[PDB]
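In what follows, every chain begins at residue 1, and chains take the letters A, B, ... in the order their sequences are listed. Hydrogens, waters and symmetry mates are skipped; everything else that's a heavy atom, side chains included, is used.
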Protein chains: 2
Amino acid sequence: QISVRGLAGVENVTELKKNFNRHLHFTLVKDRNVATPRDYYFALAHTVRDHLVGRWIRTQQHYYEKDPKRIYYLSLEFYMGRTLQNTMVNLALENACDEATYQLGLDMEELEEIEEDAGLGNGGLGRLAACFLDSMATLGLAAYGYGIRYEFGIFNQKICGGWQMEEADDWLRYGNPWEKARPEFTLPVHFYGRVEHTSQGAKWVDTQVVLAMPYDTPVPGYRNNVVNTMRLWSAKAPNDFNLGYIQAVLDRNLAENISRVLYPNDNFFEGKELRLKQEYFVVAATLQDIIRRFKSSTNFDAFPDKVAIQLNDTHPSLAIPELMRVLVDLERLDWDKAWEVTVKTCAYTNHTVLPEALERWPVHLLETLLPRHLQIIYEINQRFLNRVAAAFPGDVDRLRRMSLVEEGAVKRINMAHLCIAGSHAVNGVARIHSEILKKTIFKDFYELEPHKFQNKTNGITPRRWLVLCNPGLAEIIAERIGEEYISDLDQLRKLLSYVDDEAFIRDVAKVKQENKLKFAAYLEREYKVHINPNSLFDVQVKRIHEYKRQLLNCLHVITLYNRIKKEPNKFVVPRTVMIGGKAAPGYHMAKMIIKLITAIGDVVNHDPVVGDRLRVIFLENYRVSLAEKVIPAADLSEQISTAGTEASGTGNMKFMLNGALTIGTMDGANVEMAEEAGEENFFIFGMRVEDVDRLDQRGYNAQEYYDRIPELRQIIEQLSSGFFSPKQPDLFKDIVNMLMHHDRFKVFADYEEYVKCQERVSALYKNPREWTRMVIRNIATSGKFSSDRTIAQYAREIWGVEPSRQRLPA
Amino acid sequence: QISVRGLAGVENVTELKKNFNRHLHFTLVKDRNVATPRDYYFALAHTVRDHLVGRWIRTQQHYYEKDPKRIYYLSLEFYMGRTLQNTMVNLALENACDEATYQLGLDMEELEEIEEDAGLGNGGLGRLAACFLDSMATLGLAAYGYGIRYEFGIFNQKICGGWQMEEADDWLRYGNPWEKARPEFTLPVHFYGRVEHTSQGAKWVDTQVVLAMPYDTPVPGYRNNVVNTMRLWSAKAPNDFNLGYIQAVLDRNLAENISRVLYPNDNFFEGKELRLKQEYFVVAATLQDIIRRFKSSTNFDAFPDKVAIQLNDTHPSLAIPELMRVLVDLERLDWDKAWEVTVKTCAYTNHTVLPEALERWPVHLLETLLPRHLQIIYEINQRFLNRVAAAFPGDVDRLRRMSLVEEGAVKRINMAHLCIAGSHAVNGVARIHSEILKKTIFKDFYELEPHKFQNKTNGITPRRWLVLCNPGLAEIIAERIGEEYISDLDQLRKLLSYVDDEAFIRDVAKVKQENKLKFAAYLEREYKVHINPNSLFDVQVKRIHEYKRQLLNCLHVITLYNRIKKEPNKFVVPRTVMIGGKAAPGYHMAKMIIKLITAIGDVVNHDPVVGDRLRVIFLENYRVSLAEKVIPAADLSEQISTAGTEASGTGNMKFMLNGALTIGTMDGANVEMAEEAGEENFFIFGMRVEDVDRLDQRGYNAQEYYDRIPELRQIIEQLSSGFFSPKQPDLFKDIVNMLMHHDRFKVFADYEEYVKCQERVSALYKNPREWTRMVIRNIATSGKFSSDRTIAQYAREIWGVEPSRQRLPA
Ligand SMILES: O=c1ccn([C@@H]2O[C@H](CO)[C@@H](O)[C@H](F)[C@H]2O)c(=O)[nH]1
Ligand SMILES: O=c1ccn([C@@H]2O[C@H](CO)[C@@H](O)[C@H](F)[C@H]2O)c(=O)[nH]1
């Protein structure tokens, strides 16, 4: 049907239909008489999977023969979403499968909706890992993603009476056709026990053993016949475990709980024992696998030449002392040699500066669970602080600030400090964030070892986030500039030549309208909610957090409503305001924000005076599959974090690629996006980082803003008095109190500039042609934000390997 | 190679090799370079499974079209063993697969050893269910086995320092290629809650819900293209379950524990809540499935015309009040009508008369877990006792004896009484057992409803228990009489014509010697134990229990040892005495018996004066796969239960079919075996049932035997003094005390006759030709003991259906 979706050759279509029928019969044990749409999905998935196999086996054989340096990406989160369409895209099978299924009397898009998301992450950090795997395969790197196979991923969110409710994400219920269990490569992991000192070094004895069983999932590169591996570990009890009899068998659950469920916190540290077990479990199993693979290719001097380990945040930070443990206790290397190897092998990526997100583990937990690792951490600390003392003699404050051990009521280990000490490279995820690291939280470390500190601006994969989710836009672009941009996104710059092309202007606007119609129809079908497709689609989708300021958005919505009520007969640009995202189950304020949003909708959506000029919708169960639907439909992207709080953002990049304009602060990657597109082509407002610092120095007083801004005063009075909660007048008292007395994120301080900037947005939207021309200027300059660019920089500047766009033989 | 294993045609072999290679590549994602024997097993299993599929789909379609009466066999145990060879046998693929694998450079018998047993049973009762499924498919009945998919089957037994140790049977670790998950047919099961009475009947409300997810396994008939289904339920929590957050997800284990593990008790009732939950879980899910299937073919008058439910023991007895609950509470039938349907639908098989094995559930457990079922049971009891009172007016003792409710310290429900009241047929499992039921424990019920009581003598499948485990014997038989006997075992009578045939005598003896050599080699390979293949193989394999009298066997072994030590230079027929079987983890005496056996071996096997004239071996981890190895190798089958205690036995039948002679009491099916073969061709000894009754009446005094039998006195003195436990002289004091003062099973009373009978065995073994002629007389008359005969009798006399040996189209 469309060119970027590949060829539908007679031979291929015939073969696909044959194998589809085979799987339905032999694999699913069904006939066409009793088969349901779910059976048809599975027959298609197995058919497409077959095409991955040959390439998967030969890629891994190729790495064995060539023995390139291997890259290991360690993460507690891989937010993968659905796999079927992505696999077809990367193998050039989309049109062929579409034709084959059509001839069998089936609608492929209907079958695609049956697949469960692999929701093994919380938000940005987990989704970055997923984009990275796609880019590493596309650039021909010998890369492996290592994580945990959670039985339950991020919870399914239901909205009941306007409140968030959580349901278990039982994503494996119907099976996972993509994974291959590898019980033969099961490895032991040790917990608890005690340290024994012998004539020849320390010994970790009397441990409890949990087995780590790997499941491998293929990761296809874009049309290069490369298929890499994501290996996820699942926890299993040993067979003599606890071995009255019945209870001992039932108690196997205790061991197997390690891989049961993803902790649903985003940008918030919860110091629970089970989470620490998960972190060690992934690190211990992965490192054994790494060392095994290295030996099968005596002398650890070459270890950093053949192995790179990337730590995604501090979650897998135990890799550092675990590597030391293995090299010193088991392989019998001297300390200094082991440390040299460890530092040259490991690198660390930081994703946030918010103090509450930083992992600081109580010493007493580490002492009980991982006694040998605590000893190693103490020794690392002693040697590191001896270097600091030598470099900055007499600076006793610096010694306390830089220590891995934090003194106080309870002693803690600062895992970020451990990561910096034991890594040869430390990076932030956008230029402003990397600069903040050097100037503030890691200033002391930067002064000691400046060479360690780097920037690697985040990116997103243009396969999932353009070709897959927005084929209409991909097609009109390919018509003008060909197909090479899909693996070389910088080529989108060629589109600047079409900014005054009346045909292209019309096509860009047509694609957006079709996307909006499709999404408007999706909402009525699946959720019974009515929206006007001619309105400006104003969208903020991301996890619910105070720093992201969904609350500032709420204030603007109420402002719009109040202005309409004051002058009902004045024209206003119609808007559909959509907000979605999950709140961590224990985060009270975030749960209250969700309730506020639905409560505003309850009033606004039913006021006959408003009509269809303003609608407020809460998008339930935001996740990767939903992002693929709403992003291509958006006109306006809300990226409104307080300056200095969002390290990069990646949702911002997805919206830019898909033809939405951005309203945002100069925060994270917003700064670089505006720089690429030109500030005239962005809607920038509010305090810069320096302005926030100035306000902190004299002290933030929210009352000042309330006193001087009459429109703001009205909203707070409405919230306090019960206007949005008639039956429970004091429902939002917590929100008002926080805004007025305890607001770390200065919502009121950016209110006036935000509202004025939103007026400028509405003004441009009244002029379709000039709106679309600005859109073209954004799409055309989005190239820097491909994760292919990001990964090429990691490869060259951290891992010491060269990317390759060359095909493996088919 | 051998004829009964079918054809190895060029087309078939080529096709099998092709599909083997396909599965290795696409299914297992391996290449020949890295594949292990386990990978090769799985490639073969998937290849053979493919051949089942077409027949499986078309059999089930055939039942849908023809709508025959359906038979539902409800059991908490299905002791299936391995599936690969059985499937090849029934599909006539054995020789073809052997050739195909040989051409690929693989040994098929080596691959067969990799498969785990499906050990979803304890012993006789569970294995009977397995033989029954095979026979029902072979006789073309529309039959379904329904049970529980235990994650852990019967424990693996290890012997450490002579003691039994238990290890979890993690049989699903590497996957199960035979099953197909059917998550789409998941059904809810209710627990706890309370009963509400409305204007229109009772309502069971406020329940906890557990989901039952089915897994289907194919059951092939012998070369008739019939493939029936065994459906096993697995427990799953609902997704809103317990839905702080992390704990609620982890607590899903509580619901899912229902299907976690098989209770390892054999002939012993343990009244634990989790076991009651398992019993209701299987009954509730199964009955919904039954009713669904019935409606898809309003009026329940025809229900018993289209449905038969067979209760394997009282374990699924809750089917009776559950059927009543559904018919009365949900379908709104009047009580009397519902009861008529229930009685005509249900039938009950009793497997033991031992009082400690009878299920008597505390009322307080049923009251909390199943409040509506308790109410229904009370109502059944009231109506039943009104019938008794009308038939036997004034007989107040009879009313207390027959009540379903047992009065006392704790009130209990007698599940056997419930089963008799609510079934149209009640059967014992051998003629003597069925007679004992009518004369003793169920006498009152027999007097009220004589027509209900039947006999169905047990049997074994000649596919698994001859063709599969003893192809050598199957072949020499087929050479003389053809292949028809495999599905018509009565044809073995034709072999009486060859009792004086010198060629056949030589061949029968040759097959036994080869079997003995193979097993002798197995023991050295897998267990490093040396045995003399020329010795008489004297075998007792079955679960360890006081009633089965492994202890009597022990007394004979010590007698033999003491006689040798007294006259070292006298000739004795050399014996290898092998005893194997598992003890329930909480059964102290059974565990002590295992220790005694190993302790005897420790002395006997290392006495240089004995030489290789006597060896005592404990066969570790007795299970179906081991039975298939040891039974064809046996010369002497020990079936020595106290008369009136072993309801039938089925191990006895397996030995008779495979060319062992039997030493046994007149107990269970031993009586019918001796009758078929002729008493001259059996080694019968000991008290009959009547003799046991006489001894009970005057009182059993073990001291009398000790006083009058000098050889018995010596053994007890040896046991007491520490002869078999030098380091722990009082180790066996419990055993001695029981034998002397508290022996319910009268071990001493049969000792003298047993020893004398064993002398007669040794005498015959000295004459190879006459030994073998007696063997031929046993094999030739084993036909009655085919489970095909048993199932034909159930079909005609209980279920009201006609068996069919006719092929379905291929
Ligand atoms: O706990 C966290 C901490 C940070 N992050 C995010 O990581 C993304 C990937 O670098 C960045 O784009 C965002 F700026 C950052 O908030 C999370 O998503 N969970
Ligand atoms: O709990 C029990 C009770 C009885 N049984 C057995 O059932 C077999 C099948 O009918 C019979 O051959 C045996 F006689 C009987 O002991 C068991 O194996 N477990």
Side-chain angles (χ1 to χ4, degrees), chain A residues 25-31 33-34 36 38-39 49-50 53-54 56-58 61 151-152 155-156 158 165-170 173-175 180-181 183-184 186 213 216 218 236-246 248-250 252-253 256-257 260-261 263-264 272 274-275 584-586, chain B residues 25-31 33-34 36 38-39 49-50 53-54 56-58 61 151-152 155-156 158 165-170 173-175 180-181 183-184 186 213 216 218 236-246 248-250 252-253 256-257 260-261 263-264 272 274-275 584-586:
Chain A
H25 182 84
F26 293 104
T27 304
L28 306 181
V29 194
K30 296 266 177 164
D31 62 329
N33 299 319
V34 300
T36 57
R38 173 166 285 103
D39 299 307
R49 176 200 171 274
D50 281 345
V53 175
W56 200 11
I57 290 162
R58 72 180 311 176
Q61 177 72 284
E151 181 169 348
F152 300 95
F155 62 88
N156 284 316
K158 302 207 163 163
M165 303 289 289
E166 298 93 20
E167 279 191 355
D169 169 41
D170 192 15
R173 178 167 42 193
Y174 294 96
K180 180 71 190 72
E184 64 270 30
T186 297
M213 173 179 294
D216 291 353
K236 285 273 291 193
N239 283 348
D240 52 6
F241 190 79
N242 271 34
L243 288 165
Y245 168 77
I246 298 291
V249 177
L250 299 183
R252 290 169 62 96
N253 77 342
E256 303 180 346
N257 280 347
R260 196 79 68 202
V261 62
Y263 273 82
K272 297 295 202 298
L274 185 58
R275 169 72 171 194
Chain B
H25 182 84
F26 293 104
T27 304
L28 306 181
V29 194
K30 296 266 177 164
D31 62 329
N33 299 319
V34 300
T36 57
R38 173 166 285 103
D39 299 307
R49 176 200 171 274
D50 281 345
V53 175
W56 200 11
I57 290 162
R58 72 180 311 176
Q61 177 72 284
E151 181 169 348
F152 300 95
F155 62 88
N156 284 316
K158 302 207 163 163
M165 303 289 289
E166 298 93 20
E167 279 191 355
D169 169 41
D170 192 15
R173 178 167 42 193
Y174 294 96
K180 180 71 190 72
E184 64 270 30
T186 297
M213 173 179 294
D216 291 353
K236 285 273 291 193
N239 283 348
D240 52 6
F241 190 79
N242 271 34
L243 288 165
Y245 168 77
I246 298 291
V249 177
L250 299 183
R252 290 169 62 96
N253 77 342
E256 303 180 346
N257 280 347
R260 196 79 68 202
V261 62
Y263 273 82
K272 297 295 202 298
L274 185 58
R275 169 72 171 194

*Could you walk me through whether A/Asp170 and B/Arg252 pass the side-chain contact (heavy atoms from CB on, under 4.5 Å) test, one step at a time?*
CA-CA 11 Å; A/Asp170 192 15; B/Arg252 290 169 62 96; 4.0 Å; yes
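- Top candidate by heavy-atom pairs under 4.5 Å with chain A, chosen from B/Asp216, B/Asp50, B/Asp240, B/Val34, is B/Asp50.
- Inter-residue side-chain proximity for A/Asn239 and B/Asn156 is flagged as unmet; no heavy-atom pair is nearer than 4.5 Å.
- Minimum interatomic distance between A/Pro264 and B/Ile246 (heavy atoms only, all atoms of both residues): CD-CD1, 4.1 Å.
- The line from OG1 of B/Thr186 to OH of A/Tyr174 is 7.0 Å long, rounded to the nearest 0.5 Å.
- B/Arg58 pairs by the salt bridge (charged side-chain N to carboxylate O under 4.0 Å, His left out) definition with nothing, not counting sequence neighbours.
- Ranked by heavy-atom pairs under 4.5 Å with chain A, the list B/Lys236, B/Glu151, B/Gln61 is led by B/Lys236.
- The residue among B/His25, B/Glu184, B/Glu167 with the most heavy atom pairs within less than 4.5 Å of chain A is B/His25.
- Both the backbone and the side chain of A/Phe26 come within contact range of chain B, each with at least one heavy atom under 4.5 Å from a heavy atom of that chain.
- Interface remark: of the candidates A/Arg49, A/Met165, A/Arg260, A/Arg49 forms the most heavy-atom pairs closer than 4.5 Å to chain B.
- With a threshold of 4.5 angstrom between heavy atoms, A/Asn33 approaches chain B through side-chain atoms but not through N, CA, C or O.
- The candidate with the highest count of non-hydrogen atom pairs below 4.5 Å against chain B, out of A/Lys30, A/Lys272, A/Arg38, is A/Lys30.
- Heavy atoms of B/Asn253 lying under 4.5 Å from chain A belong exclusively to its side chain.
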*asked:* One pair to check against side-chain contact (heavy atoms from CB on, under 4.5 Å): A/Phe155 and B/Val249. What are the steps and the verdict?
replied: CA-CA 10 Å; A/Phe155 62 88; B/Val249 177; over 6 Å; no
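- In terms of heavy-atom pairs under 4.5 Å with chain A, the best-connected choice from B/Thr36, B/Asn242, B/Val53 is B/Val53.
- When each of B/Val29, B/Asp31, B/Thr27 is scored by its heavy-atom pairs under 4.5 Å with chain A, the top score falls to B/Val29.
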